[PDB]
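1. task: produce atomic coordinates for the following.
(2 chains)
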Amino acid sequence: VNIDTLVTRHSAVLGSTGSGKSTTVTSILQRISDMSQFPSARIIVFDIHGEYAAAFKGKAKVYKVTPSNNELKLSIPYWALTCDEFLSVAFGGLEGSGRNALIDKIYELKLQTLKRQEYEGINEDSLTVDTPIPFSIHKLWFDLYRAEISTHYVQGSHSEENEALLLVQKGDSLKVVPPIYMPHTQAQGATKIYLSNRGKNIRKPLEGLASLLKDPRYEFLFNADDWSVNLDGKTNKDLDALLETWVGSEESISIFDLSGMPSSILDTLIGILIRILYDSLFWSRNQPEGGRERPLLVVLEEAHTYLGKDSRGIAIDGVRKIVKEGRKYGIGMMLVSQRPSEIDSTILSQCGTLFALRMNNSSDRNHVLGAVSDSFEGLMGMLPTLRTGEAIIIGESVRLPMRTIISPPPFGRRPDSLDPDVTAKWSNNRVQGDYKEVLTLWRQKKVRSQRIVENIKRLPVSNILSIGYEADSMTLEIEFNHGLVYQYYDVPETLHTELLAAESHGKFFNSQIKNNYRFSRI
Amino acid sequence: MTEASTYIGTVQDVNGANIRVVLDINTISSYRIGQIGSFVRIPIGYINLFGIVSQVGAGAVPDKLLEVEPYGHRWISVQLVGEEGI
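-> Residues are numbered from 1 along each chain as shown, chains lettered A, B, ... in the order given. Sharing the structure here:
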């Protein structure tokens, strides 16, 4: 199979849910990005269900939402977005004068940041809202929310120096706490206090933004680790580090695990990532770090949910732009789906190569037949009766349409999402629970309890890969495969001392310790 | 002889000032083929009718053709602008 046409002319993998397309994609990716043959590979995967991280144990970087043992943390700074995408993410697309007010505030904050911190090739003349310059969002929220509720001490003038605060609540910028102001009352006897006369109609959007800031689900957006913005507009790191970590690491394959992200903004975030990657690899097409000197491949999972015929999302525009223009700047594409009838025909028709697996219904088969350019009546009638793992390669990347059996991946590299098992949990004997603890966790909006041991030192060795314990806290720590780490609390020393001297590592654990002691997965 | 240079297709529907043309060039796609802002020339005996393309793709296919065959889109929609005199 030709590989230059496979990347430059795009591809597509279509099949049924029972056809095991994940194994085929994993095998293809492993074969293309071999270290021995292609030392300078470059692949980006937009994993959605997080079922590809397991297949690549130590062969690829993984950027999840919540790191546990060794995976990194995905983080997209909000100041790297454009104005429209930022509005669609935070405020949901305001259309009134509030949009103008927010744009003006963004411009003012960016100008102040440029004044404070020197930047190369950027001045007051060549600054746009589109320019990715860091700026504080908490300061903006504080200013706009105080300029809408707080009441001036003296009527007629509503300057900031006339703060009519009852004394108590000064308020914090980094925190979401707002300041308190005395109520407006111009009656006789007492002092005349008037509310702010410049307040816009953005109270509800600002409350929503405050809720989003206080929500822990948006840490990757508003609380980037190395790209958090102080009130003066300064960050620990820059965007170059992010770009290097994304498409410049020593590992050939980088996987984005978007399983834990909210379902209402996934399309927008995919569009954001696509736009950032395309711009970064387009504006530097002469340097050795550009796409022309090192072509990049993008693998998109479950393309039928975003590339529909009438989809109004942002990712569809980026996908169309890549499909139309990557042949020149060296950016490939590879759509994977289990429902070809949902993908846009104008997009599916431009894919150079098709990997047609077994398809069950007739709509998908008809769509595939209509979206093909090289058909042999002998082979195309075999689609509903293809063996699992067998593909029919068709397109410009092969001399002839041939029916292949994709080479299976090496042992210990079978993709499998860590979906909780129904049988094990449902068959276990029910035990007592801590209603107070779960209620407190729900009120706090945190996933880490208070009784978690910090730095237990473990030792090497259903399977058990490591074992740790402490005599001071009497809490047992057992590490399983797939990166799972458990922490059983209030265990006597006798149990784990006997376990360490047992014939094997297990069995007895399931016999006595598995379902008697309260635990907490970390 | 055959269709000479600068040939696109034939008229297949008239609604007064909304012409629908079926493309004949299979895979030329490169003077580029009719774009959105491009002009086309329709000679009638002696005079040339100049027109402007307005819709390209599924938007120009007649309603019943889509219901019959929704996988083939080789139609363009031309709106007449003016004519060249003598």
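2. how about stretch B:12-30 and chain A, any contact?
-> No. Using C-beta under 8 Å from any C-beta of the partner chain, stretch B:12-30 stays clear of chain A, coming no nearer than 9.7 Å. To be clear about C-beta, it is placed using only N, CA and C from the backbone, and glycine gets the same treatment.
3. report the distance from that stretch to the chain centre.
-> Put simply, stretch B:12-30 sits 3 Å off its chain's centre (C-alpha atoms, centre = their mean, to the nearest Å).
4. now do the contacts for the closest residue to chain A within chain B.
-> Relative to chain A, the nearest point of chain B is residue B:71 (3.6 Å; C-beta to the nearest C-beta). Residues near residue B:71 by C-beta atoms under 8 Å, 6 or more residues apart in numbering or on different chains: A:345, A:367, A:370-371.
5. give me the element the closest residue to residue A:481 other than its chain neighbours is part of.
-> Excluding the flanking residues, the one nearest residue A:481 by C-beta to C-beta, 6 or more residues apart in numbering or on different chains is residue A:463, at 5.4 Å. Assigned by DSSP states H and E, residue A:463 falls within no helix or strand.
6. do the same with residue A:424
-> Per DSSP H and E: helix A:422-427 holds residue A:424.
7. if you count neighbours, what's buried in that helix?
-> By neighbour count with 16 or more other C-beta atoms under 10 Å in any protein chain shown, helix A:422-427 contains no buried residues.
8. do the same with stretch A:151-160
-> For stretch A:151-160, by 16+ other C-beta under 10 Å, it's A:151-153, A:155, A:158.
9. list the contacts of that stretch.
-> Applying C-beta under 8 Å, 6+ apart, the contact partners of stretch A:151-160 are A:146, A:162-164, A:181-184, A:186, A:191-198.
10. need the strands for chain B, in chain order.
-> B:9-14, B:19-23, B:39-44, B:47-56, B:75-83 (DSSP state E).
11. C-terminal to the helix holding residue A:424, what's the next element?
-> Per DSSP H and E, the helix or strand that comes after helix A:422-427 is helix A:435-444.
12. next SSE after that next one?
-> As assigned by DSSP H and E, the chain's next helix or strand after helix A:435-444 is strand A:458-460.
13. spatially nearest residue to the spatially most central residue of chain B, not counting backbone neighbours?
-> Ranked by distance to the mean C-alpha position of chain B (C-alpha atoms, centre = their mean), the top residue is residue B:21 at 3.5 Å. Among residues not flanking residue B:21 along the chain, residue B:9 sits closest, at 4.7 Å (C-beta to C-beta, 6+ apart).
14. that neighbour: neighbour count?
-> 18 (other C-beta atoms under 10 Å in any protein chain shown).
15. look up the residues forming beta bridges with it.
-> Beta-bridge partners for residue B:9, by DSSP bridges, are residue B:23.
16. that one and residue A:481, how far apart?
-> Distance from residue B:9 to residue A:481, counting by C-beta to C-beta, to the nearest Å: 63 Å.
17. residues of the stretch 301-450 of chain A that sit close to chain B?
-> Within reach of chain B by C-beta under 8 Å from any C-beta, the stretch 301-450 of chain A has these residues: A:345-346, A:367, A:370-371.
18. which residue is nearest the middle of chain A?
-> Nearest residue to the geometric centre of chain A (C-alpha atoms, centre = their mean): residue A:258, 4.0 Å.
19. against chain B, how distant is that one?
-> 31 Å (C-beta to the nearest C-beta, to the nearest Å).
20. what residues are up against that residue?
-> Residue A:258 touches A:46-48, A:50, A:65, A:74, A:266, A:269-270, counting by C-beta under 8 Å, 6+ apart.
21. mind telling me what element residue A:335 is part of?
-> With DSSP H and E as the test, residue A:335 turns up in strand A:334-337.
22. direction included, what does that strand pair up with?
-> When pairs are called by DSSP bridges, strand A:334-337 turns out to pair with strand A:11-14 (parallel), strand A:297-301 (parallel).
23. which positions in stretch A:231-240 come out as buried?
-> Buried, per 16+ other C-beta under 10 Å, within stretch A:231-240: A:233, A:235, A:239.
24. those residues in helices, which ones?
-> residue A:239 (DSSP state H).
25. quick one: which of the buried residues of stretch A:231-240 is nearest to residue A:421?
-> residue A:239 (41.3 Å; C-beta to C-beta).
26. surely the closest one touches residue A:132?
-> Yes. At 6.3 Å, residue A:239 counts as touching residue A:132 under the criterion of C-beta atoms under 8 Å.
27. overlap in contacts, these two.
-> The contact lists of residue A:239 and residue A:132 share residue A:80, where a contact means C-beta under 8 Å, 6+ apart.
28. hang on, the earlier thing: could you export the strand holding residue A:335 as PDB, CA atoms only?
-> Taking Å, rounded to 0.1, in the frame of the first residue of the first chain, the C-alpha atoms of strand A:334-337 are listed here in PDB:
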ATOM      1  CA  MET A 334      -8.100  10.000   8.400                       C
ATOM      2  CA  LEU A 335     -11.800   9.800   9.300                       C
ATOM      3  CA  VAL A 336     -13.000   6.800  11.400                       C
ATOM      4  CA  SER A 337     -16.700   6.200  11.700                       C
END
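29. mind listing what's buried along the next helix or strand after it?
-> Scanning forward in sequence from strand A:334-337 by DSSP H and E, the next helix or strand is helix A:345-348. Applying a neighbour-count criterion of 16+ other C-beta under 10 Å, the buried positions in helix A:345-348 are A:345, A:347-348.
30. phi first, then psi, for residue A:329.
-> The phi/psi pair for residue A:329 (degrees, to the nearest 10) reads phi -90, psi 0.
31. that's all I had, so thanks and see you.
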